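Below is upload_24.cif, holding mmCIF, C-alpha atoms.
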data_entry
#
loop_
_atom_site.label_atom_id
_atom_site.label_comp_id
_atom_site.auth_asym_id
_atom_site.auth_seq_id
_atom_site.Cartn_x
_atom_site.Cartn_y
_atom_site.Cartn_z
CA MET X 1 81.47 4.88 73.75
CA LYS X 2 80.75 2.49 76.61
CA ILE X 3 78.43 -0.40 77.35
CA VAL X 4 77.03 -0.37 80.88
CA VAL X 5 75.16 -3.04 82.78
CA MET X 6 72.85 -2.43 85.74
CA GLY X 7 71.44 -5.38 87.69
CA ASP X 8 71.70 -7.74 90.66
CA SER X 9 75.03 -9.14 91.82
CA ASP X 10 74.74 -12.42 89.91
CA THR X 11 73.84 -10.89 86.58
CA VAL X 12 76.63 -8.34 86.98
CA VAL X 13 79.33 -10.96 87.61
CA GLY X 14 78.54 -12.71 84.33
CA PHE X 15 78.31 -9.55 82.26
CA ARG X 16 81.60 -8.23 83.65
CA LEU X 17 83.32 -11.51 82.78
CA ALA X 18 81.65 -11.22 79.37
CA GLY X 19 83.02 -7.80 78.40
CA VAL X 20 80.89 -4.80 79.46
CA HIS X 21 82.82 -1.58 80.17
CA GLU X 22 80.96 -0.63 83.38
CA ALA X 23 78.69 -2.34 85.89
CA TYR X 24 76.49 -1.16 88.78
CA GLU X 25 74.92 -3.65 91.21
CA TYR X 26 71.60 -3.28 93.02
CA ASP X 27 69.21 -5.32 95.15
CA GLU X 28 65.48 -4.74 95.53
CA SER X 29 65.45 -2.68 98.73
CA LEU X 30 63.82 0.74 98.31
CA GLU X 31 67.15 2.54 98.86
CA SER X 32 69.05 0.47 96.30
CA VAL X 33 66.28 1.00 93.73
CA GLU X 34 66.37 4.74 94.40
CA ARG X 35 70.14 4.72 93.81
CA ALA X 36 69.77 2.82 90.53
CA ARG X 37 67.07 5.30 89.57
CA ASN X 38 69.50 8.20 90.08
CA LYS X 39 72.32 6.22 88.45
CA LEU X 40 70.19 5.68 85.34
CA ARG X 41 69.44 9.41 85.14
CA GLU X 42 73.19 9.98 85.38
CA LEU X 43 74.16 7.52 82.65
CA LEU X 44 71.64 9.19 80.33
CA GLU X 45 73.54 12.47 80.74
CA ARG X 46 76.99 11.06 79.95
CA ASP X 47 78.19 11.63 76.38
CA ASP X 48 80.45 8.57 76.58
CA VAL X 49 77.73 5.97 77.25
CA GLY X 50 76.17 4.30 74.23
CA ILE X 51 74.47 1.16 75.55
CA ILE X 52 72.75 0.42 78.84
CA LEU X 53 71.90 -3.20 79.65
CA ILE X 54 69.46 -3.44 82.54
CA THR X 55 67.71 -6.42 84.10
CA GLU X 56 63.98 -6.64 83.51
CA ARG X 57 63.31 -6.72 87.27
CA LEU X 58 65.37 -3.61 88.06
CA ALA X 59 63.81 -1.74 85.14
CA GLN X 60 60.38 -2.55 86.54
CA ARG X 61 61.44 -1.59 90.09
CA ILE X 62 62.67 1.76 88.81
CA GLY X 63 59.42 2.25 86.94
CA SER X 64 58.55 3.72 83.57
CA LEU X 65 61.99 4.04 82.00
CA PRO X 66 62.74 7.19 79.95
CA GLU X 67 61.77 7.24 76.28
CA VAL X 68 65.03 8.04 74.51
CA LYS X 69 66.49 6.64 71.30
CA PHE X 70 70.04 7.16 72.55
CA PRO X 71 71.80 5.78 74.43
CA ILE X 72 70.38 2.39 73.45
CA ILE X 73 68.63 0.68 76.35
CA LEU X 74 68.23 -3.10 76.37
CA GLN X 75 66.50 -5.19 78.98
CA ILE X 76 68.07 -8.46 80.03
CA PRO X 77 65.30 -11.07 80.23
CA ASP X 78 64.78 -12.56 83.68
CA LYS X 79 66.37 -15.78 82.38
CA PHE X 80 69.92 -14.40 82.08
CA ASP X 87 79.13 -19.54 95.12
CA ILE X 88 79.27 -21.95 92.17
CA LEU X 89 81.64 -19.73 90.20
CA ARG X 90 83.96 -19.90 93.22
CA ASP X 91 85.68 -23.03 91.94
CA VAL X 92 85.82 -21.57 88.44
CA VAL X 93 87.40 -18.37 89.73
CA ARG X 94 90.12 -19.98 91.85
CA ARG X 95 90.97 -22.49 89.11
CA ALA X 96 91.07 -19.70 86.52
CA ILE X 97 93.40 -17.30 88.32
CA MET Y 1 80.85 -1.27 106.51
CA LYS Y 2 82.13 -1.52 102.94
CA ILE Y 3 85.33 -2.13 101.03
CA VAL Y 4 85.46 -0.55 97.58
CA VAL Y 5 87.76 -1.07 94.62
CA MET Y 6 88.43 1.33 91.72
CA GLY Y 7 90.47 0.36 88.67
CA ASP Y 8 90.46 -1.37 85.29
CA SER Y 9 87.95 -4.09 84.41
CA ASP Y 10 90.21 -7.13 84.94
CA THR Y 11 91.31 -5.95 88.38
CA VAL Y 12 87.79 -4.93 89.35
CA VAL Y 13 86.12 -8.22 88.39
CA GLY Y 14 88.85 -10.09 90.25
CA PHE Y 15 88.54 -8.12 93.48
CA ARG Y 16 84.73 -8.16 93.41
CA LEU Y 17 84.95 -11.94 93.02
CA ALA Y 18 87.52 -12.00 95.82
CA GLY Y 19 85.12 -10.42 98.30
CA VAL Y 20 85.17 -6.67 97.70
CA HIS Y 21 81.69 -5.17 98.24
CA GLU Y 22 81.70 -2.46 95.55
CA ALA Y 23 83.73 -2.11 92.37
CA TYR Y 24 84.05 0.73 89.83
CA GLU Y 25 85.76 0.38 86.44
CA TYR Y 26 87.77 3.13 84.73
CA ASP Y 27 90.05 3.32 81.69
CA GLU Y 28 92.84 5.89 81.32
CA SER Y 29 90.98 8.40 79.18
CA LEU Y 30 90.79 11.94 80.58
CA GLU Y 31 87.01 11.82 80.99
CA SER Y 32 87.12 8.47 82.79
CA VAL Y 33 89.91 9.71 85.09
CA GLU Y 34 87.87 12.81 85.89
CA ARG Y 35 84.92 10.58 86.83
CA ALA Y 36 87.28 8.64 89.10
CA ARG Y 37 88.30 11.87 90.88
CA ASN Y 38 84.67 12.73 91.58
CA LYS Y 39 83.90 9.16 92.66
CA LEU Y 40 86.80 9.15 95.15
CA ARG Y 41 85.57 12.43 96.60
CA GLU Y 42 82.08 10.95 97.00
CA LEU Y 43 83.30 7.73 98.63
CA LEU Y 44 85.11 9.79 101.27
CA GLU Y 45 81.75 11.35 102.17
CA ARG Y 46 79.93 8.02 102.55
CA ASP Y 47 79.54 6.68 106.09
CA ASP Y 48 79.39 3.06 105.01
CA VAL Y 49 82.77 3.09 103.25
CA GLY Y 50 85.82 2.17 105.29
CA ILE Y 51 88.29 1.01 102.68
CA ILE Y 52 89.12 2.12 99.17
CA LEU Y 53 91.40 -0.09 97.08
CA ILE Y 54 92.66 1.61 93.92
CA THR Y 55 95.11 0.49 91.25
CA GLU Y 56 98.50 2.16 91.16
CA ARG Y 57 97.84 3.38 87.59
CA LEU Y 58 94.50 5.05 88.32
CA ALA Y 59 95.79 6.70 91.51
CA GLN Y 60 98.68 8.19 89.50
CA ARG Y 61 96.32 9.22 86.68
CA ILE Y 62 94.13 11.01 89.23
CA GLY Y 63 97.24 12.67 90.61
CA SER Y 64 96.51 14.22 93.99
CA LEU Y 65 95.35 11.60 96.49
CA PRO Y 66 93.50 12.36 99.75
CA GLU Y 67 95.65 12.63 102.88
CA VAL Y 68 92.92 11.37 105.22
CA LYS Y 69 93.36 8.64 107.82
CA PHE Y 70 89.83 7.27 107.46
CA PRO Y 71 88.66 5.77 105.24
CA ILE Y 72 91.75 3.69 104.52
CA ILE Y 73 93.03 4.14 100.96
CA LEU Y 74 95.33 1.43 99.60
CA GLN Y 75 96.99 1.21 96.21
CA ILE Y 76 97.15 -2.03 94.25
CA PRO Y 77 100.56 -2.72 92.65
CA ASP Y 78 100.47 -2.76 88.84
CA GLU Y 86 94.21 -6.50 79.32
CA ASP Y 87 91.59 -9.25 79.62
CA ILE Y 88 93.68 -12.20 80.82
CA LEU Y 89 91.59 -12.57 83.99
CA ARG Y 90 88.14 -12.24 82.41
CA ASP Y 91 89.32 -14.45 79.55
CA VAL Y 92 90.54 -17.21 81.88
CA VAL Y 93 87.36 -17.28 83.97
CA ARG Y 94 85.37 -17.33 80.72
CA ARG Y 95 87.30 -20.25 79.24
CA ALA Y 96 86.95 -22.03 82.58
CA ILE Y 97 83.20 -22.05 81.96
CA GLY Y 98 83.41 -25.29 79.99
CA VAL Y 99 80.58 -26.71 82.07
#
Using structure tokens, write down the structure that the file contains.
Amino acid sequence: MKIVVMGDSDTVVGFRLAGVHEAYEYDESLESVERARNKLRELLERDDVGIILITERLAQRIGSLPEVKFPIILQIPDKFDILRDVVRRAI
Amino acid sequence: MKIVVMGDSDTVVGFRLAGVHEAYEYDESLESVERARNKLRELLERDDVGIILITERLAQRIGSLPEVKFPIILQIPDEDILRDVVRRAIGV
């Protein structure tokens, strides 16, 4: 099963570099939030998704998240072009 | 107008960091490939998507590729070496 992260662009960069299997980026515009809302409903229906990591802000923008025991849903606390030098030097 | 990339994690994180607007990861499992097929079909229907960059592997796994002129579909010539390197680089 897969580990998916949903959040803003910054948070997503880090988590992708850290090992998640799938990532979806969103900003706080109404349209983006609506898309994340539908995305979340979609991930809940996939039998190959076990863990969803979502930023506290996005979770609150979406609203009252579903009450399911599986997949596991974790909220990334609001604490977690500078990486431009790191990127170029790396690759 | 957006440029999208579809492929494995290493490729995806690299292209997103290189400027690509949207990126979607896929492995080679049947279910993941099937999700890629549907995603491709959806991207063709979006008005804000002009370019789709897809790894050579994934495109071949999908099989049939659209024959459209727009959006522009480009294959990327053919693992965690990239994510690992950027991670190690974070010795700040």
So that I can check the surroundings of stretch 34-41 of chain X, please list as JSON, numbers by chain every protein, DNA and RNA residue that reaches within 12 Å of it, counting all atoms listed in the file and ignoring chain neighbours fewer than 6 positions away. {"X": [4, 5, 6, 7, 8, 23, 24, 25, 26, 27, 28, 49, 51, 52, 53, 54, 55, 57, 58, 59, 60, 61, 62, 63, 64, 65, 66, 67, 68, 71, 73]}
Output C-alpha atoms of each residue in that selection to a file, as a compact mmCIF listing (two decimals), in the coordinates of the input.
# COMPACT_ATOMS: atom_id res chain seq x y z
CA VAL X 4 77.03 -0.37 80.88
CA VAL X 5 75.16 -3.04 82.78
CA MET X 6 72.85 -2.43 85.74
CA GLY X 7 71.44 -5.38 87.69
CA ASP X 8 71.70 -7.74 90.66
CA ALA X 23 78.69 -2.34 85.89
CA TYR X 24 76.49 -1.16 88.78
CA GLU X 25 74.92 -3.65 91.21
CA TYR X 26 71.60 -3.28 93.02
CA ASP X 27 69.21 -5.32 95.15
CA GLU X 28 65.48 -4.74 95.53
CA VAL X 49 77.73 5.97 77.25
CA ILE X 51 74.47 1.16 75.55
CA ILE X 52 72.75 0.42 78.84
CA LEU X 53 71.90 -3.20 79.65
CA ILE X 54 69.46 -3.44 82.54
CA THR X 55 67.71 -6.42 84.10
CA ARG X 57 63.31 -6.72 87.27
CA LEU X 58 65.37 -3.61 88.06
CA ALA X 59 63.81 -1.74 85.14
CA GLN X 60 60.38 -2.55 86.54
CA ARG X 61 61.44 -1.59 90.09
CA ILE X 62 62.67 1.76 88.81
CA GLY X 63 59.42 2.25 86.94
CA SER X 64 58.55 3.72 83.57
CA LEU X 65 61.99 4.04 82.00
CA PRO X 66 62.74 7.19 79.95
CA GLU X 67 61.77 7.24 76.28
CA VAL X 68 65.03 8.04 74.51
CA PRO X 71 71.80 5.78 74.43
CA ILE X 73 68.63 0.68 76.35
Grab the atom CA of residue Y:76 to atom CA of residue Y:33 distance for me, in Å with one decimal place.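 These atoms are spaced 16.6 Å apart.
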Under the rule of at most 12 Å, produce a per-residue listing of chain X near chain Y: chain, number, name, the closest pair of atoms, and the distance in Å, as a tab-separated table, using all atoms listed in the file.
residue	atom	partner	partner_atom	distance
X:1	CA	Y:32	CA	11.2
X:2	CA	Y:27	CA	10.6
X:3	CA	Y:25	CA	11.7
X:4	CA	Y:25	CA	10.4
X:5	CA	Y:25	CA	11.7
X:9	CA	Y:16	CA	9.9
X:10	CA	Y:17	CA	10.7
X:12	CA	Y:13	CA	9.6
X:13	CA	Y:13	CA	7.4
X:14	CA	Y:94	CA	9.0
X:15	CA	Y:13	CA	10.0
X:16	CA	Y:13	CA	6.5
X:17	CA	Y:90	CA	4.9
X:18	CA	Y:90	CA	7.2
X:19	CA	Y:90	CA	7.9
X:20	CA	Y:9	CA	8.7
X:21	CA	Y:9	CA	7.1
X:22	CA	Y:25	CA	5.8
X:23	CA	Y:24	CA	7.3
X:24	CA	Y:24	CA	7.9
X:25	CA	Y:22	CA	8.1
X:26	CA	Y:22	CA	10.4
X:42	CA	Y:35	CA	11.8
X:43	CA	Y:35	CA	11.9
X:46	CA	Y:31	CA	10.1
X:47	CA	Y:31	CA	10.0
X:48	CA	Y:31	CA	8.5
X:49	CA	Y:32	CA	11.2
X:87	CA	Y:17	CA	9.8
X:88	CA	Y:97	CA	10.9
X:89	CA	Y:97	CA	8.7
X:90	CA	Y:17	CA	8.0
X:91	CA	Y:96	CA	9.5
X:92	CA	Y:96	CA	6.0
X:93	CA	Y:93	CA	5.9
X:94	CA	Y:93	CA	8.8
X:95	CA	Y:96	CA	7.7
X:96	CA	Y:93	CA	5.1
X:97	CA	Y:89	CA	6.7
Report the distance between atom CA of residue Y:57 and atom CA of residue Y:34 in Å, rounded to one decimal place.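 Computing it gives 13.8 Å between the two atoms.
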Expected selection from the PyMOL selection byres ((chain Y and resi 69-71) around 6), given as a PyMOL selection string: chain Y and resi 50-51+68+72
Which residue out of Y:36, Y:7, Y:61, Y:2 has the minimum interatomic distance to residue Y:49 when all atoms listed in the file are used? Y:2
Separation of atom CA of residue Y:6 from atom CA of residue Y:54, in Å and rounded to one decimal: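 Answer for the atom CA of residue Y:6 to atom CA of residue Y:54 separation: 4.8 Å.
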Test item: the PyMOL selection byres ((chain Y and resi 78) around 10) resolved as a ChimeraX atom specification: /Y:11,55-58,75-77
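The residue set within 7 Å of residue Y:52, counting only C-alpha atoms and dropping same-chain residues fewer than 5 places from it, reads residues 3, 4, 5, 72, 73 and 74 of chain Y.
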Report as lines of an AutoDock Vina configuration file the centre and the edge lengths, in Å to one decimal, of the axis-aligned box holding every listed atom of stretch 45-49 of chain X, padded by 4 Å on each side.
center_x = 77.0
center_y = 9.2
center_z = 78.6
size_x = 14.9
size_y = 14.5
size_z = 12.4
Could you tell me which residues the PyMOL selection byres ((chain X and resi 78) around 9) returns for this structure, as a short mmCIF file (atom, residue, chain, number, x, y, z; two decimals) with C-alpha atoms, in the frame of the given file?
data_model
loop_
_atom_site.label_atom_id
_atom_site.label_comp_id
_atom_site.auth_asym_id
_atom_site.auth_seq_id
_atom_site.Cartn_x
_atom_site.Cartn_y
_atom_site.Cartn_z
CA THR X 55 67.71 -6.42 84.10
CA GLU X 56 63.98 -6.64 83.51
CA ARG X 57 63.31 -6.72 87.27
CA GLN X 75 66.50 -5.19 78.98
CA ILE X 76 68.07 -8.46 80.03
CA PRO X 77 65.30 -11.07 80.23
CA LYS X 79 66.37 -15.78 82.38
CA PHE X 80 69.92 -14.40 82.08
#
